[PDB]
There are 6 protein chains.
Amino acid sequence: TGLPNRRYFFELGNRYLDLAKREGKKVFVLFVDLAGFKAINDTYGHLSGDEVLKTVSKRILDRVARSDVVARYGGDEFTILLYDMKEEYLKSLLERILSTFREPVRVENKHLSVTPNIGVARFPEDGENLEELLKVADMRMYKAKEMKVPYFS
Amino acid sequence: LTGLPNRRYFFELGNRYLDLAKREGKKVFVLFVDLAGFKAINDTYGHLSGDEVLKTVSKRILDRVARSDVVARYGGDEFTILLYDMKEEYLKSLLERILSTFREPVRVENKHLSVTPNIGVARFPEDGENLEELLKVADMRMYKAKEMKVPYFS
Amino acid sequence: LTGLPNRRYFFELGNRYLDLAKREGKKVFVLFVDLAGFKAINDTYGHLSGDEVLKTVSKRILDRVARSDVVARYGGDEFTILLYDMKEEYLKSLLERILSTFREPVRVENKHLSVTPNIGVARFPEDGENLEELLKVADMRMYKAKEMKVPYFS
Amino acid sequence: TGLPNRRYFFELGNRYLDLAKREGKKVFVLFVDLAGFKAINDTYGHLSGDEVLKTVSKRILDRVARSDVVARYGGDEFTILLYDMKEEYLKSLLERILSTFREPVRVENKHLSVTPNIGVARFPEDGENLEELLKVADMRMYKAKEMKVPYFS
Amino acid sequence: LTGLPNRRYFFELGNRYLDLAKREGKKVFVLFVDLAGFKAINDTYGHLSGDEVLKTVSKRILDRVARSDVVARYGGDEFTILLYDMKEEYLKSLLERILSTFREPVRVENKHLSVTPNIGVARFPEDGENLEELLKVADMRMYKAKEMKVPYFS
Amino acid sequence: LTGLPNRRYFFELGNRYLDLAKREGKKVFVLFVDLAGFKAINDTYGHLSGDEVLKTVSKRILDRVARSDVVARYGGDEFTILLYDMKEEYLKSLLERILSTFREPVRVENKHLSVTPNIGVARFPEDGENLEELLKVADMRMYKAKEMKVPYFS
C-alpha cells in the first residue's frame, strides 16, 4: 500500500496535537472501518484482500489534502488526521470517501464489496492525546456500524 | 447500452416535473454533466472502449441519485440529472459524491481510462420556466466551470 | 394521429410519479377509461372512422385534465389517466366532466358515432405500490362498473 | 408487405398536394377497403391474414404507376395517391384493381376471399389536405360498401 | 377439364349470334385472346402443368364475362370471346379486367408460371359478315398487338 | 429537436419527386449544404450548444424554402434541399438568401457561434437518374466549393 502503520501515525499524530495546542486549532481524527473485509480474505485469500487494501489506500490518499495524515490501523481499519480544517471540509471529505466505496473493488475477475463506517473525534473536545481521540472515534464508528448509517460525528 | 434514457424521454419527464413543481410550489435542480476526456477516448481506443466507459459512468450516476431523480444521457460527453424538491445540502453532497466517482480512472479491459467531470446547475423557477431554458443555463454554467478549471458552477 | 403517448411512456412516467408520491407522502389516482362501442365502430366503419373517434376522444380527455396530469392510450378501447396529489373533490368533478363529454355521439364525416365510457379508479398507496398493480385494480373496478351498467367505480 | 404506413403516407401525401397547388394539377385519393378480412384472421389466424395482406399489397403495387403512392392505412385498409392523372387512367386503374380481388387468394391449402370497396376523392374539389380527402374517400367507400357496388367517385 | 367449349361449338353459336345481330340491327365484338408464354410452359413443365394453367385461364375469363357472352378455347395459346350488343365502354373495361388477371403469374403446384395476354378485336358488321372473317381480322389485330409489344388492338 | 426529417425520409420523398419529374418532363435541383465550423463547435462547447445551432440552422433553411421544397438533415455538418421544377433564377436567389443567413454568427446562450456555408448543386436529369447519384455530384461540387474557398458551385 505504501501507507504508514500505527506507530508512525502515533508519532505524527501527537506532534499535530502539540502543534494544535500551541496554535489554538482543532484536529479531526477519523476512524475508518471497512466492513466485508474479514469475509474477503476468508474466501479469496490474502492476495485478493491485499489488492483491495492497495485500492482502498490509493482511494483515501487521492481524496485527502497534502497535509492530511492517512495511515492503516489494522485489518478493516484506517485512520485519517485533519489539522485545522473547516467542518464543511470534513462533511465533504466524508461524502467523497463514502462515495468511493459504493464502487465494488475490481481485483482480478472478481468484484469485491466493502462497506465504509467512519467515526469522528475532535481535538480538544474529545481528548488531549491520539489514544483518547481514536477510542472516541472508534466508539462513534461502532455506533455508526450498529446503527447501519455511514458516519457518526 | 447503459439502459439510460435519451434526450426525448428526459424532455417529456422533465417538463412534467416542472409542471408538478409549478403547482406544488417546489424547486427543481437541473444538472448538466460533461465528462471531458471522452472525445479523446473514442479517437484513440474506439467505440467499444468509449461505450464501456459510458456504461460505467451511467451506473456510477444511477447508484448515487435518489429513486425519484431523473438521470439521462444528453449526447456525447453529456448527462443530465433532474432533482425534484431537494434541499441545497442534498445537491452539494450529490455533486461531491458524483465528482468523487470520476476521480477513479475507469477500467475498461487492460486499460485505465480517465474522464474529468464538469457540472453546471440551474434552479427552477429562478433560472427558467421550461427544461430547454434550464439546460441552457446549466450548460453555460458547466462551460464557465470547464474554462475556469473548477469542478462545478451553481 | 392523437399525439397521445403509449403504454411504455405511461409506465415510465407513472412509476416516477409513484416514486415521488412515496417520498412526499402524497396520493396518486389511476383512472382506467374504457370506451365501449369502439369494437363495433371499426368492424362497421373501418379504421379511419375508428381512428378519427380516437383523435376526438384524446382531445376531449386532454382538454379536461390539469397540465400535470398524465394521459395515455393503453390499447384498443383503453385510456389511462394519472392524477398526482389531487383532492377527491377534483376526481369526482373530473370523472363527471369526462363522462359528460362522451354523452355526445362523436361526429366523424356524415356519421354520428356513439361510445359509452366506463371508468375504474385506484389510489396509491392503498391499492398498490407500482403502476401494474394499480392498473389491474382500476381495470377490475372499470369491469365491475361495465357489468353493473354504471359509469364509474372508485 | 414492404408497404409504407399511415405516417409515411401523410408526409408524402401533403407534399404531393403542396406540389399540385403550385402546378395547378389534380390529385386522386383512393380509399381501398377489403371486406372479408376481419373474418379471415378470426378463423385462420394472423399468419394467414398476413399472407393475404402480402398478396393484396403486391397486387396493388404491380398495377399502379411508379409515381403513385400506395400505403396500408390499417386493418382492411389501403390508400392510393395519383398525382396529375387523367380520369380515364383512374377508371382503368379501379377496374384492374377490382379484377385482381375477384381471384380468391391462395394461402397454403386455403382459397381465401376478399371483396374490394373503393372510395375516390379529388384534390382540390374535395379538400385542401390529406386528412380531409381521406375522410371524403372513406365516406364514399362506405357509400359503395352499403350500396353493394364496387366503387364510388 | 376446363368445361370450356371448342372451335366447332363457338362457330355454331357464333354465326347464330351474327344472324340475330343482322336482324336486330346490333353490333357484335369478337375478341381473339392469345396467351404468350404457353408454348414454353408445356416444353419445360409438361402437359399437366400447361393444362392446369389452361384451367385457371378459362375460369379467369369465365368469371369476368357476362352470362350472355360466349367464351371458347380456339386452339393453342388461343381463346375467343363473343360480345353481343355491348357498349364500347363495356369492351374497354372487359379488356382491362382480363389483362389485369394475367399480370398475376399462375400458381400450378410449387411453380409460379407466367403468361402474357395479347387481344385482338373485330366488330360485326364493319369487319365482316361471318365468324371466320371476324376471327381473321381479330387474329391479325392481336398479331399487330403481339409484334407492337402492346396488350390490345381494336 | 429540429423537427427536420432524416436521410431515410429524404430518400423516399426524393426518389418519388424524381419519378414525378421523369413523367412530367421537369428538372429537380438537389442542394448539398455543408456547414463548416460545426465539428469545432461540438468539440469545444458540447452537444447541447451544437444542437441549438442545428435547431437555428434548420429553422433558417425552413423559413427560406418554398412549401413544396424538401429539406432534411443528412448527417453532421450536412443538410439536403430538393427543388422540384424551379427556375434557375429561383435557385440563384435561394442560394443567396441561405448564404446570407450564415453570415450572422448564431447566438446560443451567451455565445456567438460561427458556421460557414458550402453548397453544391446537382440537376436532374443531367447529373443523374436517382437521388444517390445526384447527392454524390452535389457533394463533389460542395467539396470543390469548400476547397476553392467560394460559397457555392453549380
Side-chain angles (χ1 to χ4, degrees), chain A residues 1-38 49 52-103 105 114-153, chain B residues 89 92-93 96-97 99-100 103:
Chain A
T1 71
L3 264 193
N5 57 76
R6 173 179 91 252
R7 293 169 191 177
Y8 169 107
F9 192 70
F10 274 75
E11 264 310 278
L12 255 93
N14 283 299
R15 299 294 210 167
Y16 268 73
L17 306 178
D18 297 338
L19 211 41
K21 282 149 186 173
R22 175 168 72 91
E23 303 276 2
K25 315 286 209 184
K26 312 249 259 77
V27 170
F28 300 117
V29 169
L30 289 68
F31 205 61
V32 175
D33 170 93
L34 298 163
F37 188 83
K38 279 116 186 178
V52 169
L53 288 174
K54 176 204 151 184
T55 298
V56 157
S57 305
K58 202 203 168 66
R59 280 177 191 183
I60 299 152
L61 279 168
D62 290 9
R63 278 144 194 94
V64 296
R66 193 178 161 89
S67 49
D68 292 353
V69 184
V70 180
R72 112 99 141 187
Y73 186 91
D76 300 18
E77 298 157 342
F78 300 76
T79 58
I80 311 161
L81 196 142
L82 271 59
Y83 176 95
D84 182 44
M85 295 288 195
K86 295 211 154 176
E87 218 87 17
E88 171 182 17
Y89 174 94
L90 167 76
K91 184 188 191 251
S92 160
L93 174 71
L94 290 164
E95 270 143 32
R96 302 187 282 100
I97 286 171
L98 300 160
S99 179
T100 3
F101 311 115
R102 169 158 256 165
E103 286 315 275
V105 184
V114 280
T115 311
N117 284 309
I118 313 161
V120 193
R122 294 138 185 87
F123 163 90
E125 309 99 273
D126 292 310
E128 48 172 51
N129 54 263
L130 200 70
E131 319 89 62
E132 288 172 359
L133 299 164
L134 277 174
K135 275 185 287 180
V136 176
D138 179 29
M139 188 190 307
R140 290 187 193 154
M141 82 88 191
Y142 192 72
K143 282 187 198 92
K145 196 181 192 183
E146 70 172 303
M147 276 192 100
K148 286 180 187 174
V149 298
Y151 74 84
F152 198 85
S153 82
Chain B
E89 171 182 15
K92 183 187 185 251
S93 161
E96 271 143 29
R97 302 187 281 101
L99 299 160
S100 179
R103 189 184 291 250

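Computed from heavy atoms alone, side chains included, the values below leave out hydrogens, waters and symmetry copies. Per chain, numbering begins at 1; letters A, B, ... match sequence-line order.
- Smallest separation of non-hydrogen atoms from A:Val114 and A:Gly36: CG1-C, 4.3 Å.
- A donor-acceptor contact shorter than 3.5 Å links the side chain of A:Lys21 to the backbone of A:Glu128.
- No side-chain donor from either of A:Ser57 and A:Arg72 sits under 3.5 Å from a side-chain acceptor of the other.
- In this structure, the separation between OG1 on A:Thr79 and CG on A:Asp33 is 12.5 Å, given to the nearest 0.5 Å.
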task = Any chance you could lay out the side chain to side chain contact (heavy atoms under 4.5 Å, CB included) test for A:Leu3 and A:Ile60, step after step, and finish with the verdict?
result = CA-CA 10 Å; A:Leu3 264 193; A:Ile60 299 152; 5.7 Å; no
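- Salt-bridge formation is detected for the pair B:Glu96/B:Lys92: a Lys NZ or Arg NE/NH1/NH2 atom is positioned less than 4.0 Å from an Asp or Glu carboxylate oxygen.
- A 4.5 Å side-chain heavy-atom check between A:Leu30 and A:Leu94 finds at least one atom pair inside the cut-off.
- Environment of CD in A:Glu146: crowded, with over 12 heavy atoms of neighbouring residues, nucleotides or ligands closer than 6.0 Å.
- A:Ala35 and A:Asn117 get closest at one heavy-atom pair: CB-ND2, 4.3 Å.
- The one candidate from A:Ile118, A:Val52, A:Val56, A:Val105 that meets the side-chain contact (heavy atoms from CB on, under 4.5 Å) condition with A:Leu34 is A:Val56.
- Looking at A:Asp84 and A:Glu23, their side chains never come closer than 4.5 Å, going by heavy atoms from C-beta outward.
- Summarising the local packing, NZ of A:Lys26 is surrounded by more than 12 heavy atoms from other residues, nucleotides or ligands at distances under 6.0 Å.
- No donor-acceptor pair under 3.5 Å is formed between the side chain of A:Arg59 and the backbone N or O of A:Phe101.
- The CE atom of A:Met141 sits 4.5 Å away from atom CD of A:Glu77, with the distance rounded to the nearest 0.5 Å.
- Ion pairing between a basic and an acidic side chain is recognised when a charged N comes within 4.0 Å of a carboxylate O; A:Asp126 and A:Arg140 show such pairing.
- Note: A:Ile97 CD1 to A:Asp62 CG = 11.0 Å, rounded to the nearest 0.5 Å.
- Considering all non-hydrogen atoms of both residues, A:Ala20 and A:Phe123 come closest at CB-CE2, 3.6 Å.
- Each of A:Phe31, A:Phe28, A:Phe152, A:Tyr151 was evaluated against A:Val120; a single residue qualifies, A:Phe28, per the side-chain contact (heavy atoms from CB on, under 4.5 Å) test.
- The distance from the OG atom of A:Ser92 to the CE atom of A:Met85 is 10.5 Å, given to the nearest 0.5 Å.
- Side-chain atoms of A:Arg122 and A:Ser153 form a donor-acceptor pair, as typed in the model, at a separation below 3.5 Å.
- Contact check for A:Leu61 versus A:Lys58: no side-chain heavy atoms found under the 4.5 Å cut-off.
- Heavy atoms from other residues, nucleotides or ligands lying under 6.0 Å from CD of A:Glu87 number more than 12.
- Separating the CG atom in A:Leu53 from the CG atom in A:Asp76 is a distance of 8.5 Å, to the nearest 0.5 Å.
- Side-chain contact between A:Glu131 and A:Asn14: present, with at least one pair of heavy atoms (C-beta onward) separated by less than 4.5 Å.
- Within a 6.0 Å radius of OH in A:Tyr142, no more than 12 heavy atoms belonging to other residues, nucleotides or ligands are found.
- The 12-atom threshold is not exceeded at OH of A:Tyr73, counting heavy atoms of other residues, nucleotides or ligands nearer than 6.0 Å.
- Atom OH of A:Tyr89 sits in a crowded spot, with more than 12 heavy atoms from other residues, nucleotides or ligands closer than 6.0 Å.
- For CD of A:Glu125, the number of neighbouring non-hydrogen atoms (other residues, nucleotides, ligands) closer than 6.0 Å is greater than 12.
- Ion pairing between a basic and an acidic side chain is recognised when a charged N comes within 4.0 Å of a carboxylate O; A:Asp138 and A:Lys135 show no such pairing.
- Residue A:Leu81 comes nearest to A:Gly13 through the heavy atom pair CD1-CA, 3.7 Å, listed as atom of the first residue, atom of the second, then distance.
- Expressed to the nearest 0.5 Å, how far CZ of A:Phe9 lies from OH of A:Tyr16 amounts to 10.0 Å.
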